[PDB]
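Listed here are the chains, written in short residue letters.
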Amino acid sequence: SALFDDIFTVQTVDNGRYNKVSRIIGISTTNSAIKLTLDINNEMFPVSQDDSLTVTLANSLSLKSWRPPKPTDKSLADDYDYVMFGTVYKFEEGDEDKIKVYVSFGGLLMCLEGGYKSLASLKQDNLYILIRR
Amino acid sequence: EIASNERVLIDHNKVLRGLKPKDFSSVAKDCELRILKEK
Amino acid sequence: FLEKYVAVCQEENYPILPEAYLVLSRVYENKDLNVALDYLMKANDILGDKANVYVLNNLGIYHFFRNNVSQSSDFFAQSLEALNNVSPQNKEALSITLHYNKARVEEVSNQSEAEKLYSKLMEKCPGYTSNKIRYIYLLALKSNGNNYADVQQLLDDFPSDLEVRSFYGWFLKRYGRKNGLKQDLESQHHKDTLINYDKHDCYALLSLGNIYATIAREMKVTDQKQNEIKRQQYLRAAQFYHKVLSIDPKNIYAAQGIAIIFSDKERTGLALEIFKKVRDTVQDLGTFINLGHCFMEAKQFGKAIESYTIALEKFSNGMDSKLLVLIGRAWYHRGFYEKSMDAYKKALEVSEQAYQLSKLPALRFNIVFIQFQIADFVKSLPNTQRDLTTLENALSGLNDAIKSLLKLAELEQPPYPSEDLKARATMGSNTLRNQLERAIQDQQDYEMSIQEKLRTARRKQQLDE
Amino acid sequence: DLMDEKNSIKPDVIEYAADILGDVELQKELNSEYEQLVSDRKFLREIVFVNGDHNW
Amino acid sequence: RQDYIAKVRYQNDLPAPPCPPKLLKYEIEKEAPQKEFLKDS
């Protein structure tokens, strides 16, 4: 079902030029050297410095034309506060245990740096990012 | 007088919530539908 | 209304009454401790020298919940200093309360001063219950639960106290086999507590559910009737957990028991979801151990390895042998199902470290089994996928495993029968050793052929030049 | 170079990585390719584009 | 079945009671001081 789970602490929140988009940098509590850079929508999911986020990555939401979800049906997204859908445009096989995954959620960019052991399963075309706080 | 003056910050049932509570109502509903109503 | 009152007073430049801030802090106690602490600090700043013992004590407790040990200690010291100005009627009660709080801070810091203040308060006021509970709990920790008489006496003193009964049940669950008491004695105690005192106590219900789950798990299954009785015990435990959830749907332990029952019922997905939610809620050693177990049942061996490693580093600090056993088992499973040699090497190294920490026959047999599997896997591998060094290490491990099998067969009570050990050692020594030597010879021939080709090519190149 | 093992084609990119080292006819083909590339480099760098411009 | 020896035991043991320090009620948390304060002229 899911491909990756972890808990991060936000080191920095960079608003920059934009009013609705912020770039956050986080590091996994359990396993260091696993970094996360992510663009999020401030209005619908505001985050502050030193917050704790539960980030989950999945290739599907189950338990081609989009339609508004019926209230009756249920999906993985019901457990989280913020869900995005993107495409992986670069899977970098770099150093011995340095793997970078670049995802683009409609122009909102994410880079997940980590080891091959954790990120081996992230070699997909599309990914969902589910965030809980 | 001590018992009247004493107040406890968190309740006996609510002690598992603490500073961050979470809801498992869906988990309870699934447990009821799949254990008590299990066939 | 209080926020509007504060805003109107600020616009009118009028002195804000600190009582409104105290009421706001009391209301926010059940909603937001941060806002309550901020309002209490504002009230203290407004009062200045008019600060009372209650405000300082609540500030100290707020910083204690905020893990601000230094600030909590300073606020408690200021409260103790201001205690001298208390009216004599409530002076004894407030002194007892402040001494209890100071003893709690000591119990966090150093147990000796906590025991001293506990003895002082017990002589001052024997009727208080929390003091006796904490003192007997520290005595049980120091004496490794050799004070069952004290626990029984405390139970007799306050049979109607829910806290005393819960502590007594916790002591029973901790040292029932050590004290040789009845298995169902705690069950009858919790049943009496629920029937006669309070049927909505989640602690006794969870204790009964755990006891019933243990009884069902230890119950032998022989036919459909025994399975039905075990399912009935699990249904009783699930009814206890569902009653707990009805009392409070935010109970992590009830969900944990439900997930354990689902794991016993092989409902791996629901247990995995519940354990992930629990890990998101709270992070202790047990949650990580259950997550690793579920990942092993869910065949996600890499996530199990990560979960066990995080558990060991966070809590066990590389000292517990059981987590090392789990790490070795997970690595062996990943290596077996994925045909990876490095997983076998890591499992062997972890098992060797665990044995050097313990030196037990079970880990000796684990090392022997791991080395036998290593030799079998290397022999099954082609020549192009292995080298001479791996063959030599596998052969040496095979020799050490055969010697250790002979050693285990000479023991008093080995984990497996000595006949099986001798038969497996003979079966390995007859065939696997010779197959390893043939593999070594083939690998040597392959390397020699490569070197012959490499040396012959260069001479022809030089002749052409 | 098919002789030196650390200056050859990687083994995870080709399925025939085993029976490739030591060949001489294939090494001759690779040398012919490299000599042609060196001739092209000399030609472009010395006759056609002398200032090093390479975006055309 | 001669294989790796490992024991699986789920840990759901209830912790000991924490017995946290008790809050002290304010003067305005008692009915009689409330009656005195609200009836102020």
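Residues numbered from 1 in each chain as written, not as in the entry; some residues may be left out. Chains lettered and ligands numbered in written order. Part of a larger assembly, values for the part shown. Heavy atoms only, no water.

- Its PDB header attributes the entry to cryo-EM and lists the resolution as 3.59 Å.

### Considerations on the interface of chain C and chain D
Part 1 of the reasoning: Of the residues lining the interface, seven residues belong to chain C; the matching set on chain D comes to six residues.
Part 2 of the reasoning: With both sides pooled, the region where chain C packs onto chain D buries about 570 Å², and carbon together with sulfur makes up 63% of that total.
Part 3 of the reasoning: Seen at the junction of chain C and chain D, the total is one salt bridge.
Part 4 of the reasoning: Across the pair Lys-28 of chain D and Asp-464 of chain C runs a salt bridge whose closest N-O atoms are separated by 3.8 Å.
Part 5 of the reasoning: Our count for the contact surface shared by chain C and chain D stands at zero residue pairs in polar contact.
Part 6 of the reasoning: In terms of residue class, the side of chain C that touches chain D is made up of three nonpolar, one polar and three charged. (Contact = heavy atoms within 4.5 Å. Buried area = accessible area lost by both parts, 1.4 Å probe. Salt bridge = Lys/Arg side-chain N within 4 Å of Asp/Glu carboxyl O. Polar contact = N/O pair within 3.5 Å; in protein donor to acceptor, adjacent residues only side chain to side chain. Nonpolar A, V, L, I, M, F, W, Y, C, P; charged D, E, K, R; others polar.)

### Quick notes on the packing of aromatic side chains
Part 1 of the reasoning: Evaluated as defined, the whole model comprises 23 aromatic pairs over all chains.
Part 2 of the reasoning: Measuring from ring centre to ring centre gives 4.9 Å for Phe-85 of chain A and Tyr-128 of chain A, while their planes differ by 50 degrees; the resulting arrangement is tilted. With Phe-85 of chain A in strand β5 (residues 82-93) and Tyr-128 of chain A in strand β8 (residues 126-132), this pair connects stretches of sequence that are 43 residues apart.
Part 3 of the reasoning: For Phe-85 of chain A, a relative accessible area of 45% puts it in the partly exposed group.
Part 4 of the reasoning: For the pair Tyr-332 of chain C and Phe-369 of chain C, a centre-to-centre distance of 5.5 Å together with 75 degrees between the ring planes defines the contact as edge-to-face. Residue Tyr-332 of chain C is found in helix α18 (residues 321-338), and its partner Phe-369 of chain C is found in helix α20 (residues 361-380); the two are separated by 37 residues along the sequence.
Part 5 of the reasoning: Looking at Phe-369 of chain C, the relative accessible area reads 5%, which means it is buried.
Part 6 of the reasoning: By way of ring pairs, the aromatic residues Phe-301, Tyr-332, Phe-336, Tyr-337, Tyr-344, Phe-369 and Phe-377 of chain C are connected into one cluster. (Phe/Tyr/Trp six-rings, centres within 6.5 Å; stacked < 30°, edge-to-face > 60°. Helix = DSSP H or I, 4+ residues; strand = E, 2+ residues; numbered from the N terminus. Buried < 20%, exposed > 50% of the residue type's maximum accessible area, 1.4 Å probe, protein only.)

### Examining the packing of helix α19 (residues 341-358) of chain C against α20 of chain C
Describing two packed helices takes the angle between their axes plus the distance from one axis to the other.
Residue and element names in this part refer to chain C.
Part 1 of the reasoning: Running from amino to carboxyl end, α19 crosses α20 at an angle of 160 degrees, the nearest separation of the two axes being 9 Å. Judged by the angle between their axes, α19 and α20 are roughly antiparallel. When the axes of α19 and α20 are compared, the crossing they make is left-handed. Together, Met-341, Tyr-344, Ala-347, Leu-348, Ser-351, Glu-352, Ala-354, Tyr-355 and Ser-358 of α19 and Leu-363, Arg-364, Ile-367, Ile-370, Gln-371, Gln-373, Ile-374, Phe-377 and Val-378 of α20 make up the contact between the two elements. (Axes fitted to C-alpha atoms, helices over the stretch in contact; angles between N-to-C directions. Parallel < 35°, antiparallel > 145°, perpendicular 65-115°, else oblique. Left-handed = near helix turned anticlockwise from the far one by under 90°.)

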